[PDB]
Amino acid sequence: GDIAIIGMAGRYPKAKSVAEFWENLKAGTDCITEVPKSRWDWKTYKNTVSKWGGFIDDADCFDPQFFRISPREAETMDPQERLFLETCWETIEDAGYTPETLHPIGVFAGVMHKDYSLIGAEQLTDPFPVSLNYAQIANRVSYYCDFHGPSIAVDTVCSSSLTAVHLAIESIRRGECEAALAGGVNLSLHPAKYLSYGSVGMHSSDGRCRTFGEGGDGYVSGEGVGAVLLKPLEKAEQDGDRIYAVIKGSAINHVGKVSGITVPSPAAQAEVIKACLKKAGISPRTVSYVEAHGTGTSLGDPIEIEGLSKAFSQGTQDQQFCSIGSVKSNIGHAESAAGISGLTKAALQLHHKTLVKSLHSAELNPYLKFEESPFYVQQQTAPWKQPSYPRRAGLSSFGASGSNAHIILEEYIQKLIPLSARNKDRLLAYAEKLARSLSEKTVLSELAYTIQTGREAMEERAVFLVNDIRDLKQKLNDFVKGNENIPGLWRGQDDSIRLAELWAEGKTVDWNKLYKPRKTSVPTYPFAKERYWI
């Protein structure tokens, strides 16, 4: 029943990749900025409407030619769709798979806004296709990758990307798919959301999510796109996959009748948490980190603690044994991508055995009584100490109109470099991106296995024959700086040299015949960053 997380990718505020996301989390970086001019001018509305957001870079950019999509079609495609496509491609690559090697594969996308529909409608020049639905966000992935499993967009507002994961997990567990991509996307492209949520008081007056901190009076909207590739644990183990973390349980529910549709319910939150702990078969005493929903609201924050404390109580009376935090303190409330950002953070912490700082709570919310609870707020990045049993994390996401989700994760306890891209420019970018990732911790055999068997063999090719990582780094740099005659590099459009020669010429090599090293994260395809808009 357990599900392995075998691949992850995404883009978040100040993070072009999960790797940059992780560095920013460890550093405690506040990633919120003012609304960029290229989206709208916040000064237009200063008479207050929030001027802050977590924004991703290059939200309007895409590489349609990679996918054989025309420029015209790219312009009409919702950026959310464009970015989720790239992200899913990257997630599969992070896992060390190609669509071929990975067809009952599901795609489950959380999404709650369609800003590009508003933008398209304003522009309705002669008629053109406005992006009016969600489904293509998921369906485009299934289409391009030739996947036949369920392909669904779901909206539960703030919990949407956990709902998406829950549905992917259940689909895998009943055998409807063998693996699935699950995640979410959220882009802030048009000011209507800021005006509208401002009119209801949802946005904080300082532009921060002060997770369990003093003075919190709302949230700050954030952008994000992210996915995880999920597979049954046992299969992932047999296939020699790299497993970031194991999902032991997920549960969803609704608040039912409470005083107002947007009032969160401690009882219903405790309910979903207990249901998930029971599905996972674990005691709450064994959970040593929780990734809270954590939006920084004066009503919300105390309720979230009350719901967690009630759930944990049927099960222990020990106090302050579990750390808590939220990624919202770093990047804001990514809305439909809130669950996927939180799950990505949780899985990284587990994989890296590191708990990161939760921001904006140096002064705690004075009403929360953490001393009388299971929890303390993580105030510095530090090693995650061996619990004493495995490191286990809970993860919560609570939709504004009542749909709740909780997931429990557990830590997982266990040459020829053929690079290719669509063209020469993308290949040089690939080589530079690969070179920069290399350090004394890179494992050559795993790097090579993953590039050989977990990347598509594309049009423009550069194969390197290398002794070790230092030799690889030197060759990539020589290639990048345009050096002409590089020994041990073959270029084009079981003897190593011959294999190389043949691959550079365009032949298919069955690299598997040579063997398995374990799969390992390698930088993913360097999509061109070209702008497309209506």
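Start at 1 with the first residue shown and count on from there.
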Next on the checklist: For the step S259 to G260, what size class fits the number of deposited residues with no coordinates, none, 1 to 3, 4 to 9, or 10 or more?
Outcome noted: none
Item to check | Length class of the unmodelled deposited segment, which would lie between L102 and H103 | outcome: 4 to 9
Next on the checklist: Tell me which stretch has the larger mean Cα B-factor in this entry, 305-313 or 84-92.
Outcome noted: 305-313
Next on the checklist: Going by the mean C-alpha B-factor recorded in the entry, which is higher: 428-436 or 400-408?
Outcome noted: 428-436
Checklist entry - Say you rank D146, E335, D318, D78 by Cα B-factor from the PDB entry; which sits at the top? => result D318
Checklist outcome for this item: The residue of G53, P64, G28, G492 with the maximal C-alpha B-factor according to the PDB record is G492
Item to check | Among modelled residues of the same chain, the CA temperature factor third for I32 | outcome: lowest
Item to check | Assigned third (lowest, middle, highest) for the C-alpha B factor of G300 | outcome: middle
Next on the checklist: Ranking the modelled residues of this chain by C-alpha B-factor as given in the entry, is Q123 in the lowest, middle or highest third?
Outcome noted: highest
Checklist outcome for this item: On the chain's distribution of Cα B-factors, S159 falls within the third called lowest
Checklist outcome for this item: Chain thirds by Cα B factor, record data; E271 belongs to the middle
